[PDB]
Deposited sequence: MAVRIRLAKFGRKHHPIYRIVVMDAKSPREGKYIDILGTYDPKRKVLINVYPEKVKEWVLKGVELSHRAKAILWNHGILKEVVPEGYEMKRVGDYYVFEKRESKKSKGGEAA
């Protein structure tokens, strides 16, 4: 399926992860994350609103980054709920 997940980028002792949209290059890049310093180097919030509200599945850690860094809070409207589905997370309309 099309999912939001992490892809390796960078070097030994300094790993870097792109948050990407891919089907299992990439469909879209949602941002760039540094796990050691715990910062988002780049983020593209218009891209994350689009894909997340499309019901695309997020990996646990892609969800964690975007939630903790308040990216989800700025872009996901009330009336959309996050659901935990197996290994993934999805946002969908309440009703």
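Problem set entry | Where the deposited sequence has no C-alpha coordinates (positions from 1, in order) | In the chain as deposited, 1, 26 to 31, 103 to 112 carry no coordinates.
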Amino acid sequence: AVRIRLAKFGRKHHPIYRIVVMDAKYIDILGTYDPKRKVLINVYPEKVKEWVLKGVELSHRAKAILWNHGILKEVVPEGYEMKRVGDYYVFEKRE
From here on, numbers count along this sequence of modelled residues.
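Exercise. Averaging C-alpha B-factors over each stretch, which comes out higher, 55 to 63 or 32 to 40?
Worked result: Taking the mean B-factor of the alpha carbons in each, 32 to 40 is higher.
Exercise. Looking at the deposited entry, does 83 to 91 or 8 to 16 carry the larger mean Cα B-factor?
Worked result: Taking the mean B-factor of the alpha carbons in each, 8 to 16 is higher.
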